[PDB]
């Protein structure tokens, strides 16, 4: 019942290694169920999902099954969900959380995040478009969205609340909000050796906000969300060399890198072998020279731009950080 975790700025604890559940559309949802169960069996205690992934029914079932058969206790599973952009309006935040909880059949989520800062029109469609294919953007004061999130925490529906894909300006906007009750516990953003977020990371550290890295292994590289011409992280010569030296894998080196720099890292895999392999990140350590070697791979390569949401002022990736 023991594993590595970090204390959040709201007193709760977050397991430093999380399991990602997002998969491509061409992948059946039944795969999420089997994958999450194998992840729990392997030793993952942190599970990351979201309403927009359209898999919470399956992920929730995996969790309930592992709890129901004695494999794990609810307090030993840290589950994260995310508020999708079609529910940024204050009065729609709690209903969105409650909808996810119903799909999951869980009483609460350990963490609820604002998934993306750009808002879209209310409704069932996650990406609402008009008759001419234009995304239907909505104007919403995120500070108001946050107050609705804070209320979800006070209601016990979400143990901790945080954000995702927020930049320096957006975080400051929340942190400088008059009457702020709860700082976000984290900022889940893309982070790997080719885009190490050094600057944003230091900022988060200075405010005791945990940076949670997604696409830590180089992302799924699926179109039209990621450009195929982008470099392949796991094929990097330095990572391959270090892997050989430590008798590990490029993926493990990339994951250990994050843990040693203070980042909570996610890792998605639907392959039984690789799922069990990623938990090996707690079996070795990198020296200072090796960590510096990895820092040197940084090359401003952002795999997930989500530019279909570019235009509105809240688009997060235009600023330096």
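Numbering follows the first chain given and starts at 1.
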- Item | Per the entry, higher mean C-alpha B factor between 214-222 and 110-118 | 214-222
- Looking at the deposited entry, does 191-199 or 232-240 carry the larger mean Cα B-factor? 232-240
- Message: In terms of recorded Cα temperature factor, pick the maximum from 173, 83, 163, 77.
- Response: 173
- By the entry's values, the third containing the CA B factor of residue 186 is the lowest
- Name the third of the chain's ranked CA B-factors that contains residue 95, choosing lowest, middle or highest. middle
- Of the three thirds of the chain ranked by Cα temperature factor, residue 132 occupies the lowest
- Message: What third of the chain does residue 34 rank in for C-alpha temperature factor, lowest, middle or highest?
- Response: middle
- Query: Taking the C-alpha B-factors as the PDB entry records them, is residue 68 in the lowest, middle or highest third of its chain?
  - Reply: highest
